[PDB]
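Architecture at a glance
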Amino acid sequence: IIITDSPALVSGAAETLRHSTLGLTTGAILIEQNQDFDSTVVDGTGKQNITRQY
Amino acid sequence: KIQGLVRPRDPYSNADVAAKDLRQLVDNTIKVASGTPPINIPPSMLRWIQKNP
């Protein structure tokens, strides 16, 4: 039993709180992470210190 | 170009002819500034279709 504090497994609160347990078989879930990751480093001026964001 | 550089002359007469001067015309080459509007190139669209951004 692989337990996880996943929000996808809790729905409601108090009396309306319900839990979900998945009996996955082999290959039940598939996550094909696409190699399309992108990122940027935009720095900014006009301030006391260089304002850099990610 | 002097407009009246050559003029009819009367040797028998001796009237004064208006003094003439030479002036200088100037050409001109105007500078034209061109450019390109901001072209949006989001990497997301190319990545969604698996294209090098």
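In the PDB archive, cryo-EM is given as the structure determination method for this entry, at a resolution of 2.9 Å.

**Examining a nonpolar patch on the surface**
Where nonpolar side chains cluster on the molecular surface, the patch consists of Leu22, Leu24, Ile29 and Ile31 of chain A and spans about 460 Å² of accessible area. Structurally, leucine 22 of chain A can be placed in the loop between β2 (18-19) and β3 (42-44).

**A closer look at unusual backbone geometry**
The phi torsion at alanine 14 of chain A lies on the positive side, around 55 degrees, for a residue other than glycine. Locating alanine 14 of chain A in the fold gives a position in the loop between β1 (10-11) and β2. For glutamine 50 of chain B, which is not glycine, the phi dihedral falls at a positive 50 degrees. Within the fold, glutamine 50 of chain B resides in the segment after α1 (43-48).

Calculation criteria
- Residues numbered from 1 in each chain as written, not as in the entry; some residues may be left out.
- Chains lettered and ligands numbered in written order.
- Part of a larger assembly, values for the part shown.
- Heavy atoms only, no water.
- Patch = residues over 30% accessible without salt bridge, like charges linked within 9 Å, V, L, I, M, F, W, Y side chains within 5 Å.
- Areas by Shrake-Rupley, 256 points an atom, 1.4 Å probe, with all protein chains shown as cover.
- Salt bridge = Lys/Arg side-chain N within 4 Å of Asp/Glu carboxyl O.
- Helix = DSSP H or I, 4+ residues; strand = E, 2+ residues; numbered from the N terminus.

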